[PDB]
$ cat run23.pdb   # PDB, N, CA and C atoms
ATOM      1  N   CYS A   1       0.826  -1.224   0.000  1.00  0.00           N
ATOM      2  CA  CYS A   1       0.000   0.000   0.000  1.00  0.00           C
ATOM      3  C   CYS A   1       0.870   1.289   0.000  1.00  0.00           C
ATOM      4  N   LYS A   2       0.193   2.426   0.097  1.00  0.00           N
ATOM      5  CA  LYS A   2       0.774   3.692   0.573  1.00  0.00           C
ATOM      6  C   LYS A   2       0.488   3.958   2.053  1.00  0.00           C
ATOM      7  N   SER A   3       1.562   4.389   2.696  1.00  0.00           N
ATOM      8  CA  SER A   3       1.607   4.906   4.082  1.00  0.00           C
ATOM      9  C   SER A   3       0.620   6.070   4.321  1.00  0.00           C
ATOM     10  N   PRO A   4      -0.106   6.086   5.446  1.00  0.00           N
ATOM     11  CA  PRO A   4      -0.917   7.236   5.897  1.00  0.00           C
ATOM     12  C   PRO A   4      -0.171   8.575   5.765  1.00  0.00           C
ATOM     13  N   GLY A   5      -0.898   9.622   5.389  1.00  0.00           N
ATOM     14  CA  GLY A   5      -0.356  10.940   5.032  1.00  0.00           C
ATOM     15  C   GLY A   5       0.098  11.081   3.565  1.00  0.00           C
ATOM     16  N   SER A   6       0.437   9.970   2.911  1.00  0.00           N
ATOM     17  CA  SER A   6       1.033   9.984   1.552  1.00  0.00           C
ATOM     18  C   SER A   6       0.113  10.361   0.389  1.00  0.00           C
ATOM     19  N   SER A   7       0.728  11.096  -0.524  1.00  0.00           N
ATOM     20  CA  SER A   7       0.178  11.577  -1.806  1.00  0.00           C
ATOM     21  C   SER A   7      -0.251  10.442  -2.745  1.00  0.00           C
ATOM     22  N   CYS A   8      -1.567  10.260  -2.820  1.00  0.00           N
ATOM     23  CA  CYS A   8      -2.282   9.147  -3.463  1.00  0.00           C
ATOM     24  C   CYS A   8      -3.433   9.637  -4.346  1.00  0.00           C
ATOM     25  N   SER A   9      -3.869   8.751  -5.227  1.00  0.00           N
ATOM     26  CA  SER A   9      -5.073   9.003  -6.034  1.00  0.00           C
ATOM     27  C   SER A   9      -6.342   8.541  -5.316  1.00  0.00           C
ATOM     28  N   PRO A  10      -7.304   9.465  -5.197  1.00  0.00           N
ATOM     29  CA  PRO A  10      -8.588   9.249  -4.488  1.00  0.00           C
ATOM     30  C   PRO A  10      -9.265   7.956  -4.907  1.00  0.00           C
ATOM     31  N   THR A  11      -9.554   7.833  -6.210  1.00  0.00           N
ATOM     32  CA  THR A  11     -10.349   6.715  -6.738  1.00  0.00           C
ATOM     33  C   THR A  11      -9.740   5.318  -6.613  1.00  0.00           C
ATOM     34  N   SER A  12      -8.422   5.210  -6.768  1.00  0.00           N
ATOM     35  CA  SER A  12      -7.698   3.934  -6.594  1.00  0.00           C
ATOM     36  C   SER A  12      -7.622   3.458  -5.143  1.00  0.00           C
ATOM     37  N   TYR A  13      -7.767   4.402  -4.201  1.00  0.00           N
ATOM     38  CA  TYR A  13      -7.636   4.214  -2.726  1.00  0.00           C
ATOM     39  C   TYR A  13      -6.413   3.367  -2.315  1.00  0.00           C
ATOM     40  N   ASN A  14      -5.274   3.682  -2.922  1.00  0.00           N
ATOM     41  CA  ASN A  14      -4.029   2.886  -2.789  1.00  0.00           C
ATOM     42  C   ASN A  14      -3.184   3.140  -1.526  1.00  0.00           C
ATOM     43  N   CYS A  15      -3.900   3.255  -0.413  1.00  0.00           N
ATOM     44  CA  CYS A  15      -3.341   3.443   0.942  1.00  0.00           C
ATOM     45  C   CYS A  15      -3.721   2.252   1.837  1.00  0.00           C
ATOM     46  N   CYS A  16      -2.983   2.065   2.931  1.00  0.00           N
ATOM     47  CA  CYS A  16      -3.422   1.143   4.001  1.00  0.00           C
ATOM     48  C   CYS A  16      -4.693   1.650   4.688  1.00  0.00           C
ATOM     49  N   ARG A  17      -4.697   2.930   5.016  1.00  0.00           N
ATOM     50  CA  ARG A  17      -5.917   3.687   5.359  1.00  0.00           C
ATOM     51  C   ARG A  17      -6.241   4.675   4.216  1.00  0.00           C
ATOM     52  N   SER A  18      -7.431   4.460   3.686  1.00  0.00           N
ATOM     53  CA  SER A  18      -7.953   5.064   2.437  1.00  0.00           C
ATOM     54  C   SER A  18      -7.548   6.522   2.171  1.00  0.00           C
ATOM     55  N   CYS A  19      -7.460   6.805   0.874  1.00  0.00           N
ATOM     56  CA  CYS A  19      -7.042   8.128   0.381  1.00  0.00           C
ATOM     57  C   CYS A  19      -8.203   9.118   0.559  1.00  0.00           C
ATOM     58  N   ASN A  20      -7.954  10.179   1.315  1.00  0.00           N
ATOM     59  CA  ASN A  20      -8.923  11.274   1.481  1.00  0.00           C
ATOM     60  C   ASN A  20      -9.153  11.939   0.124  1.00  0.00           C
ATOM     61  N   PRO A  21     -10.395  11.852  -0.381  1.00  0.00           N
ATOM     62  CA  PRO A  21     -10.750  12.278  -1.735  1.00  0.00           C
ATOM     63  C   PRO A  21     -10.464  13.763  -1.999  1.00  0.00           C
ATOM     64  N   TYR A  22     -10.688  14.607  -0.987  1.00  0.00           N
ATOM     65  CA  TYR A  22     -10.484  16.075  -1.023  1.00  0.00           C
ATOM     66  C   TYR A  22      -9.016  16.552  -1.051  1.00  0.00           C
ATOM     67  N   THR A  23      -8.164  15.839  -0.319  1.00  0.00           N
ATOM     68  CA  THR A  23      -6.751  16.246  -0.129  1.00  0.00           C
ATOM     69  C   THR A  23      -5.689  15.466  -0.933  1.00  0.00           C
ATOM     70  N   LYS A  24      -6.056  14.324  -1.524  1.00  0.00           N
ATOM     71  CA  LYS A  24      -5.124  13.444  -2.285  1.00  0.00           C
ATOM     72  C   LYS A  24      -4.056  12.803  -1.381  1.00  0.00           C
ATOM     73  N   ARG A  25      -4.463  12.589  -0.138  1.00  0.00           N
ATOM     74  CA  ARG A  25      -3.574  12.129   0.951  1.00  0.00           C
ATOM     75  C   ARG A  25      -4.284  11.040   1.769  1.00  0.00           C
ATOM     76  N   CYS A  26      -3.548   9.977   2.068  1.00  0.00           N
ATOM     77  CA  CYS A  26      -4.037   8.827   2.859  1.00  0.00           C
ATOM     78  C   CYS A  26      -4.422   9.196   4.302  1.00  0.00           C
ATOM     79  N   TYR A  27      -5.577   8.705   4.755  1.00  0.00           N
ATOM     80  CA  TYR A  27      -5.952   8.865   6.179  1.00  0.00           C
ATOM     81  C   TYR A  27      -4.999   8.092   7.098  1.00  0.00           C
TER      82      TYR A  27
END

$ encode --input "run23.pdb" --output "structure tokens"
Amino acid sequence: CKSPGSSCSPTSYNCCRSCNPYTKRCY
């Protein structure tokens, strides 16, 4: 995954804790 806080794409949700759609950053 991507680490929390990290610059990610909203729709792919490619974080361990989902990508915040508004900020492009993992919860």

$ axis_aligned_box --input "run23.pdb" --around "segment 8-24 of chain A" --padding-each-side "8 Å" --output "JSON"
{"center_x": -6.2, "center_y": 8.8, "center_z": -0.7, "size_x": 25.2, "size_y": 31.4, "size_z": 28.1}

$ residues_around --input "run23.pdb" --residues "segment 22-26 of chain A" --least-positions-apart "2" --cutoff "6.5 Å" --atoms "only N, CA and C atoms" --output "VMD selection string"
chain A and resid 3 to 10 15 17 to 20

$ select_by_dssp --input "run23.pdb" --residues "chain A" --states "strand (DSSP E or B)" --output "short mmCIF file (atom, residue, chain, number, x, y, z; two decimals) with N, CA and C atoms, in the frame of the given file"
data_model
loop_
_atom_site.label_atom_id
_atom_site.label_comp_id
_atom_site.auth_asym_id
_atom_site.auth_seq_id
_atom_site.Cartn_x
_atom_site.Cartn_y
_atom_site.Cartn_z
N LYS A 2 0.19 2.43 0.10
CA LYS A 2 0.77 3.69 0.57
C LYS A 2 0.49 3.96 2.05
N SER A 7 0.73 11.10 -0.52
CA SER A 7 0.18 11.58 -1.81
C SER A 7 -0.25 10.44 -2.74
N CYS A 15 -3.90 3.26 -0.41
CA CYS A 15 -3.34 3.44 0.94
C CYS A 15 -3.72 2.25 1.84
N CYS A 19 -7.46 6.80 0.87
CA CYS A 19 -7.04 8.13 0.38
C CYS A 19 -8.20 9.12 0.56
N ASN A 20 -7.95 10.18 1.32
CA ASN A 20 -8.92 11.27 1.48
C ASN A 20 -9.15 11.94 0.12
N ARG A 25 -4.46 12.59 -0.14
CA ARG A 25 -3.57 12.13 0.95
C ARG A 25 -4.28 11.04 1.77
N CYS A 26 -3.55 9.98 2.07
CA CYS A 26 -4.04 8.83 2.86
C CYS A 26 -4.42 9.20 4.30
#

$ decode --input "run23.pdb" --residues "segment 5-21 of chain A" --atoms "N, CA, C and O atoms" --output "PDB file, in the first residue's frame"
ATOM      1  N   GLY A   5      -0.898   9.622   5.389  1.00  0.00           N
ATOM      2  CA  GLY A   5      -0.356  10.940   5.032  1.00  0.00           C
ATOM      3  C   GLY A   5       0.098  11.081   3.565  1.00  0.00           C
ATOM      4  O   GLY A   5       0.052  12.178   3.018  1.00  0.00           O
ATOM      5  N   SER A   6       0.437   9.970   2.911  1.00  0.00           N
ATOM      6  CA  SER A   6       1.033   9.984   1.552  1.00  0.00           C
ATOM      7  C   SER A   6       0.113  10.361   0.389  1.00  0.00           C
ATOM      8  O   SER A   6      -1.032   9.909   0.282  1.00  0.00           O
ATOM      9  N   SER A   7       0.728  11.096  -0.524  1.00  0.00           N
ATOM     10  CA  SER A   7       0.178  11.577  -1.806  1.00  0.00           C
ATOM     11  C   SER A   7      -0.251  10.442  -2.745  1.00  0.00           C
ATOM     12  O   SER A   7       0.574   9.739  -3.344  1.00  0.00           O
ATOM     13  N   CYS A   8      -1.567  10.260  -2.820  1.00  0.00           N
ATOM     14  CA  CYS A   8      -2.282   9.147  -3.463  1.00  0.00           C
ATOM     15  C   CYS A   8      -3.433   9.637  -4.346  1.00  0.00           C
ATOM     16  O   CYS A   8      -3.885  10.782  -4.267  1.00  0.00           O
ATOM     17  N   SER A   9      -3.869   8.751  -5.227  1.00  0.00           N
ATOM     18  CA  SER A   9      -5.073   9.003  -6.034  1.00  0.00           C
ATOM     19  C   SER A   9      -6.342   8.541  -5.316  1.00  0.00           C
ATOM     20  O   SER A   9      -6.380   7.443  -4.749  1.00  0.00           O
ATOM     21  N   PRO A  10      -7.304   9.465  -5.197  1.00  0.00           N
ATOM     22  CA  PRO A  10      -8.588   9.249  -4.488  1.00  0.00           C
ATOM     23  C   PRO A  10      -9.265   7.956  -4.907  1.00  0.00           C
ATOM     24  O   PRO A  10      -9.190   6.987  -4.158  1.00  0.00           O
ATOM     25  N   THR A  11      -9.554   7.833  -6.210  1.00  0.00           N
ATOM     26  CA  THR A  11     -10.349   6.715  -6.738  1.00  0.00           C
ATOM     27  C   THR A  11      -9.740   5.318  -6.613  1.00  0.00           C
ATOM     28  O   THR A  11     -10.468   4.364  -6.400  1.00  0.00           O
ATOM     29  N   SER A  12      -8.422   5.210  -6.768  1.00  0.00           N
ATOM     30  CA  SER A  12      -7.698   3.934  -6.594  1.00  0.00           C
ATOM     31  C   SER A  12      -7.622   3.458  -5.143  1.00  0.00           C
ATOM     32  O   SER A  12      -7.318   2.293  -4.914  1.00  0.00           O
ATOM     33  N   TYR A  13      -7.767   4.402  -4.201  1.00  0.00           N
ATOM     34  CA  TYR A  13      -7.636   4.214  -2.726  1.00  0.00           C
ATOM     35  C   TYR A  13      -6.413   3.367  -2.315  1.00  0.00           C
ATOM     36  O   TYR A  13      -6.464   2.591  -1.359  1.00  0.00           O
ATOM     37  N   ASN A  14      -5.274   3.682  -2.922  1.00  0.00           N
ATOM     38  CA  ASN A  14      -4.029   2.886  -2.789  1.00  0.00           C
ATOM     39  C   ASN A  14      -3.184   3.140  -1.526  1.00  0.00           C
ATOM     40  O   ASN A  14      -1.964   2.961  -1.519  1.00  0.00           O
ATOM     41  N   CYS A  15      -3.900   3.255  -0.413  1.00  0.00           N
ATOM     42  CA  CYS A  15      -3.341   3.443   0.942  1.00  0.00           C
ATOM     43  C   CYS A  15      -3.721   2.252   1.837  1.00  0.00           C
ATOM     44  O   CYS A  15      -4.632   1.504   1.516  1.00  0.00           O
ATOM     45  N   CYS A  16      -2.983   2.065   2.931  1.00  0.00           N
ATOM     46  CA  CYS A  16      -3.422   1.143   4.001  1.00  0.00           C
ATOM     47  C   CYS A  16      -4.693   1.650   4.688  1.00  0.00           C
ATOM     48  O   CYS A  16      -5.620   0.862   4.919  1.00  0.00           O
ATOM     49  N   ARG A  17      -4.697   2.930   5.016  1.00  0.00           N
ATOM     50  CA  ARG A  17      -5.917   3.687   5.359  1.00  0.00           C
ATOM     51  C   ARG A  17      -6.241   4.675   4.216  1.00  0.00           C
ATOM     52  O   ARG A  17      -5.526   5.642   3.961  1.00  0.00           O
ATOM     53  N   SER A  18      -7.431   4.460   3.686  1.00  0.00           N
ATOM     54  CA  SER A  18      -7.953   5.064   2.437  1.00  0.00           C
ATOM     55  C   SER A  18      -7.548   6.522   2.171  1.00  0.00           C
ATOM     56  O   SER A  18      -7.677   7.384   3.044  1.00  0.00           O
ATOM     57  N   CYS A  19      -7.460   6.805   0.874  1.00  0.00           N
ATOM     58  CA  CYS A  19      -7.042   8.128   0.381  1.00  0.00           C
ATOM     59  C   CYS A  19      -8.203   9.118   0.559  1.00  0.00           C
ATOM     60  O   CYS A  19      -9.330   8.861   0.128  1.00  0.00           O
ATOM     61  N   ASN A  20      -7.954  10.179   1.315  1.00  0.00           N
ATOM     62  CA  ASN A  20      -8.923  11.274   1.481  1.00  0.00           C
ATOM     63  C   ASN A  20      -9.153  11.939   0.124  1.00  0.00           C
ATOM     64  O   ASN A  20      -8.251  12.634  -0.365  1.00  0.00           O
ATOM     65  N   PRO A  21     -10.395  11.852  -0.381  1.00  0.00           N
ATOM     66  CA  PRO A  21     -10.750  12.278  -1.735  1.00  0.00           C
ATOM     67  C   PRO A  21     -10.464  13.763  -1.999  1.00  0.00           C
ATOM     68  O   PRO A  21      -9.758  14.028  -2.964  1.00  0.00           O
TER      69      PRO A  21
END
